[PDB]
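Reviewing the structure listed below.
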Amino acid sequence: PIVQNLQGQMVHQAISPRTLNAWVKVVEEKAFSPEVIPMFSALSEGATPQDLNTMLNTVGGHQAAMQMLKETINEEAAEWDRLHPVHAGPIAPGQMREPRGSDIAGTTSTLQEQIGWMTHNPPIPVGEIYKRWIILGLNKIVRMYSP
Amino acid sequence: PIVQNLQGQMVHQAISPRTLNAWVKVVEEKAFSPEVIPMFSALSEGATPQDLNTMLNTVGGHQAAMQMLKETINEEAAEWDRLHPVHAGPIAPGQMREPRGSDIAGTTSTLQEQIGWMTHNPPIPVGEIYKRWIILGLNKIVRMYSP
Amino acid sequence: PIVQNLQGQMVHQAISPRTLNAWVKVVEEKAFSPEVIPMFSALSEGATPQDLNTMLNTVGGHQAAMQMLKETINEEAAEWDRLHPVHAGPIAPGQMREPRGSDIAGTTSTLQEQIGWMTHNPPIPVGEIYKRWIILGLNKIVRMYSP
Amino acid sequence: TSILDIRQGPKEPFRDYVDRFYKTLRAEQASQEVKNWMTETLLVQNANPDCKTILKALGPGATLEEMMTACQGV
Amino acid sequence: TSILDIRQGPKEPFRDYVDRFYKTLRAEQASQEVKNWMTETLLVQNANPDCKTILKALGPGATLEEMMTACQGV
Amino acid sequence: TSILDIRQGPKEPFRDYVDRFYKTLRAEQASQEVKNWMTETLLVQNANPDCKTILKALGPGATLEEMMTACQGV
Numbered sequence: 001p002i003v004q005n006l007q008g009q010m011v012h013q014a015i016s017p018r019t020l021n022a023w024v025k026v027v028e029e030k031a032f033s034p035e036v037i038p039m040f041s042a043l044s045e046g047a048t049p050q051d052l053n054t055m056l057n058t059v060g061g062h063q064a065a066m067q068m069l070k071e072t073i074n075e076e077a078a079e080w081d082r083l084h085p086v087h088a089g090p091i092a093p094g095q096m097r098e099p100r101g102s103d104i105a106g107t108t109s110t111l112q113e114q115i116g117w118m119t120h121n122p123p124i125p126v127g128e129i130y131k132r133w134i135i136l137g138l139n140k141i142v143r144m145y146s147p
Numbered sequence: 001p002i003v004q005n006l007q008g009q010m011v012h013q014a015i016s017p018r019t020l021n022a023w024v025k026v027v028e029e030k031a032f033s034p035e036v037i038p039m040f041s042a043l044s045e046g047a048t049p050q051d052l053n054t055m056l057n058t059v060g061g062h063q064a065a066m067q068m069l070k071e072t073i074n075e076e077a078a079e080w081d082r083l084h085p086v087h088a089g090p091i092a093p094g095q096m097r098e099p100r101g102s103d104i105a106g107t108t109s110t111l112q113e114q115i116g117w118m119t120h121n122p123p124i125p126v127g128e129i130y131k132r133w134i135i136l137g138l139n140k141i142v143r144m145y146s147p
Numbered sequence: 001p002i003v004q005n006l007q008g009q010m011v012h013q014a015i016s017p018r019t020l021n022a023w024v025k026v027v028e029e030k031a032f033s034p035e036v037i038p039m040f041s042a043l044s045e046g047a048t049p050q051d052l053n054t055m056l057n058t059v060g061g062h063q064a065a066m067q068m069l070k071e072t073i074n075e076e077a078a079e080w081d082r083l084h085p086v087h088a089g090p091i092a093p094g095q096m097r098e099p100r101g102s103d104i105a106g107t108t109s110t111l112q113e114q115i116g117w118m119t120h121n122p123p124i125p126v127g128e129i130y131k132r133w134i135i136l137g138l139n140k141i142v143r144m145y146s147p
Numbered sequence: 148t149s150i151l152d153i154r155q156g157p158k159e160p161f162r163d164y165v166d167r168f169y170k171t172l173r174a175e176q177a178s179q180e181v182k183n184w185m186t187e188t189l190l191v192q193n194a195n196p197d198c199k200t201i202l203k204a205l206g207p208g209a210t211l212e213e214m215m216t217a218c219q220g221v
Numbered sequence: 148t149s150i151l152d153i154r155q156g157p158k159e160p161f162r163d164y165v166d167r168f169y170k171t172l173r174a175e176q177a178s179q180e181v182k183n184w185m186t187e188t189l190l191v192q193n194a195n196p197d198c199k200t201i202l203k204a205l206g207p208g209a210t211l212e213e214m215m216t217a218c219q220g221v
Numbered sequence: 148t149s150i151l152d153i154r155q156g157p158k159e160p161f162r163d164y165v166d167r168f169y170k171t172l173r174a175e176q177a178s179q180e181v182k183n184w185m186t187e188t189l190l191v192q193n194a195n196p197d198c199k200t201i202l203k204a205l206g207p208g209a210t211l212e213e214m215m216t217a218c219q220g221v
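Residue numbers (the deposited numbering), protein chains in the order written: chain a, 1 to 147; chain f, 1 to 147; chain b, 1 to 147; chain A, 148 to 221; chain B, 148 to 221; chain F, 148 to 221.
Listed below in structure tokens is the structure:
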């Protein structure tokens with residue numbers, strides 16, 4: 001995640017193993033139950049896309065759901081690209097590039113790039129955009145997996 | 001929560017997973033027992049409304065009680081709005097807006113707004129107002145759930 | 001691992017016992033399952049070759065796989081030496097030596113040497129080169145150990 | 148399971164039923180106004196005859212602590 | 148176990164089969180286009196006659212929630 | 148359970164009963180003066196005949212260690 005250091009700057013720090021394991025354990029115990037979404041939200045505080053793929057990729061089991069989510073993440077990403085067209089002409093030397101759906105999904109962007117966008121002024125909340133897609137896709141799952 | 005940093009200022013820091021889990025475990029083990037209220041009170045030290053909705057939303061089980069509480073929180077909030085009318089004329093550029101029942105419940109306010117009110121001089125104790133509503137609603141529950 | 005200190009420099013710090021044990025426990029529980037690879041990747045964040053041999057050497061059980069991996073690590077290392085020939089003439093006093101496959105595998109290099117390469121400017125990512133060999137060799141294993 | 152399929156047993160305490168209701172209501176995502184409509188309507192309708200009888204005597208305007216204490220002996 | 152060896156039982160819910168499929172698909176490392184081809188093809192092909200029949204009626208263009216709700220009673 | 152429903156068994160040690168009393172008293176939220184009234188009154192009243200007899204001999208002014216040691220053999 002990207003956290004604030006004592007000095008008063010935003011720097012990246014790694015997520016903790018008993019945080020990781022707590023994510024694992026939630027999924028083990030409460031599967032598709034709604035409490036998973038606030039839980040997720042708390043444990044995703046200050047998290048990167050990269051950390052969010054890590055959390056999704058580290059799941060075991062419920063592979064039908066994991067595939068449905070993936071496909072929702074790509075749909076929501078396809079929709080990001082649709083709604084926000086690429087911008088006019090070449091990229092400025094003085095500036096950094098606008099993200100695509102795949103940069104938001106973490107796929108085409110690097111960590112330093114993910115830190116550029118979030119730490120820069122104005123900052124862009126690429127975590128929160130992926131977060132809604134995850135929560136939206138979580139609703140899809142919850143609604144389906146209701147019996 | 002909003003905590004004091006080493007430098008001597010009040011800054012927000014996130015609540016800890018084994019704090020979260022300790023909240024979960026209390027509820028699991030002691031359900032509606034009275035010891036839950038001092039326990040709550042200690043674990044709510046320096047907490048935001050936002051953190052208080054997080055704690056309430058992360059409950060599983062006892063949904064009749066959770067609904068009774070919600071409805072108590074809204075009643076107490078409706079009562080806040082009644083007792084404290086909105087103030088005269090437009091909001092000053094030099095000042096920040098007075099809270100409503102829903103800002104106290106965390107609903108209509110943002111975190112930075114919740115930090116403005118609490119950190120500013122004079123500070124307003126929107127945590128402690130929600131805290132009484134929670135404790136009051138906890139009494140309602142305790143009294144009902146006595147057998 | 002090599003981590004950034006508060007002062008703003010990169011220094012080595014030892015890996016933690018409950019990190020070690022978490023590595024052990026993953027292997028115990030999920031054996032050759034794919035979730036092992038993101039898991040590995042997270043727990044290998046900022047890790048040295050030396051720490052990576054420590055993690056491989058501390059395995060118990062699955063010795064056929066451990067041997068297949070070793071032999072993959074040496075093949076990938078042999079390939080490093082092939083692709084990158086040694087450089088022209090004697091080593092400069094002002095400079096430090098280029099790594100071989102065995103320095104990447106941690107075998108012929110010392111820790112201070114591993115810290116020289118990574119902390120120096122430009123830095124060389126000898127962790128990430130070993131990491132791909134580990135992940136590649138992990139694919140070999142996963143594919144074989146599928147039933 | 149659908150919200151319409153939530154019903155009170157002939158020997159099941161109302162209390163255990165009301166818990167089931169706001170759990171399933173907790174998995175409904177509808178507008179609040181619709182969920183208010185569901186509350187006043189469906190809860191009583193799928194309540195058992197003995198308690199149903201009781202709840203009819205509370206009249207309208209009733210709140211959950213009073214419903215919950217009203218059907219306790221049933 | 149190979150992906151071709153993944154098949155639906157005569158009494159096995161589709162759901163339990165689809166889980167097995169994307170677990171094994173999760174251990175395939177092929178290009179996405181090939182994995183798309185596997186999805187639309189192999190899944191239905193090794194599905195049981197009763198559900199297979201059902202899935203033929205959904206036509207093409209179908210998505211996983213609709214397939215999964217379509218073969219639920221089977 | 149209501150505070151009036153708290154009573155001492157015919158074989159139950161007073162001690163186990165006094166624990167039950169201040170637990171239920173712990174869930175009463177009334178003014179201190181009322182809770183003092185409950186203490187001197189209800190505790191003895193729902194105490195069993197054998198201990199009740201004992202407690203009548205302590206007279207008024209008695210404190211909990213002396214009541215608790217007074218009904219120990221009963």
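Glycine included, C-beta positions come from ideal geometry on N, C-alpha and C.
### Message
I'd like the list of long-range same chain contacts for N53 of chain f, defined as Cβ closer than 6 Å, with 5 residues on each side in sequence excluded.
### Response
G106
### Message
At 4 residues or longer, what runs of the alpha helix (DSSP H) sit wholly inside the region 157 to 202 of chain F?
### Response
Qualifying alpha helix (DSSP H) stretches, in chain order: 161 to 173 and 179 to 192.
### Message
Helix, strand or coil, according to DSSP, for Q9 of chain f in the structure here?
### Response
coil
#### Entry: Neighbour-count burial assignment, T200 of chain B, 16 or more Cβ in a 10 Å radius
Classification for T200 of chain B: exposed.
### Query
Expressed to the nearest angstrom, what Euclidean distance is found between the alpha-carbon atoms of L211 of chain A and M144 of chain f?
Rounded to the nearest angstrom, the two C-alpha atoms are 11 Å apart.
### Task
Name, in chain order, the residues that DSSP records as bridge partners for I2 of chain f.
f:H12
#### Entry: Cutoff 6 Å; reference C218 of chain A; Cβ partners in own chain excluding five residues on either side
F161, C198 and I201
### Task
Would you mind working out which of a:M39, a:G61, a:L69 and a:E98 sits nearest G137 of chain a, comparing C-alpha positions?
The closest CA to that of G137 of chain a, considering only a:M39, a:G61, a:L69 and a:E98, is found on a:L69.
### Residue interval of the alpha helix (DSSP H) (run including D81 of chain b)
For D81 of chain b, the enclosing alpha helix (DSSP H) covers residues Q63 to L83.
### Query
Whose C-beta lies closer than 7 Å to the C-beta of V59 of chain b among residues of the same chain, with five residues either side of it excluded?
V27 and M66
### Task
Give a yes or no on whether the C-beta atoms belonging to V165 of chain B and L190 of chain B are separated by under 9 Å.
yes
### the region 106 to 118 of chain a touching the region 42 to 50 of chain a, judged by at least three CB pairs closer than 8 Å
yes
#### Entry: Assigned exposure category for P17 of chain a - 16 Cβ within 10 Å defines buried
buried
### Message
Tell me the residue span of the alpha helix (DSSP H) that contains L111 of chain f.
### Response
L111 to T119
### Task
Please name the residue in b:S44, b:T108, b:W133 and b:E98 whose C-alpha comes closest to that of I124 of chain b.
b:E98
### Residue of b:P34, b:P122 and b:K30 minimising C-alpha distance to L172 of chain B
Ranked by Cα distance from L172 of chain B, the options b:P34, b:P122 and b:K30 are led by b:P34.
### Query
Along the chain, where does the alpha helix (DSSP H) that runs through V36 of chain f open and close?
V36 to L43
### Query
Secondary structure at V24 of chain f, three-state DSSP: helix, strand or coil?
helix
### Query
In angstroms, rounded to a whole number, what distance separates the CA positions of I104 of chain f and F40 of chain f?
Between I104 of chain f and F40 of chain f, the alpha-carbon positions lie close to 18 Å from each other.
### Task
Kindly give me the distance between the Cβ atoms of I37 of chain f and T119 of chain f, rounded to whole angstroms, as I take these residues to be in contact under 8 Å.
At roughly 27 Å, the Cβ-Cβ gap does not stay under 8 Å, so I37 of chain f and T119 of chain f are not in contact.
### Message
Can you tell me whether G101 of chain f is buried or exposed? The criterion is at least 16 other CB atoms within 10 Å of its CB, across all chains shown.
### Response
buried
### Query
Among A:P157, A:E159, A:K158 and A:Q192, which one has its Cα closest to the Cα of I150 of chain A?
A:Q192
### Query
How should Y169 of chain A be labelled, buried or exposed, when 16 other C-beta atoms within 10 angstroms of its C-beta is the threshold for buried?
buried
### Alpha carbon of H87 of chain a to alpha carbon of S178 of chain A, nearest angstrom
38 Å
### Query
Assuming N121 of chain b and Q176 of chain B make a contact with CB atoms under 8 Å, what is their CB distance in whole Å?
Going by Cβ atoms, the distance from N121 of chain b to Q176 of chain B rounds to 36 Å, so no, they are not a contact pair.
### Query
Residues of chain f with CB under 7 Å from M39 of chain a, in chain order?
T58
### Query
chain B partners of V142 of chain b, CB-CB under 8 Å?
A174
### Task
Compute the beta-carbon to beta-carbon distance between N195 of chain B and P157 of chain B, rounded to the nearest angstrom, for a pair I have assumed lies under 8 Å.
So it is a contact: roughly 6 Å between Cβ atoms.
### Task
Taking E212 of chain A as the query, report the chain f residues whose CB atoms sit under 8 Å from its CB, ordered along the chain.
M68, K140 and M144
### Query
When the Cα of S146 of chain a is compared with those of A:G206, A:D163, A:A174 and A:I153, which residue comes out closest?
A:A174
### Query
Is the shortest distance between the beta-carbon of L20 of chain f and the beta-carbons of chain a less than 9 Å?
yes
### Query
With 16 as the cutoff for other CB atoms within 10 Å, does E180 of chain F come out buried or exposed?
exposed
### Message
Could you check whether the Cβ of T216 of chain A sits closer than 9 Å to any Cβ belonging to chain f?
### Response
Nearest CB-CB separation between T216 of chain A and chain f: below the 9 Å threshold.
### Query
Quick one: does residue 116 of chain F have its CB under 9 Å from some CB of chain f?
The question about residue 116 of chain F has no answer, for chain F in this structure spans 148 to 221.
### Task
Using only alpha-carbon positions, find the residue among A:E159, A:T148, A:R167 and A:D152 that is nearest to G220 of chain A.
A:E159
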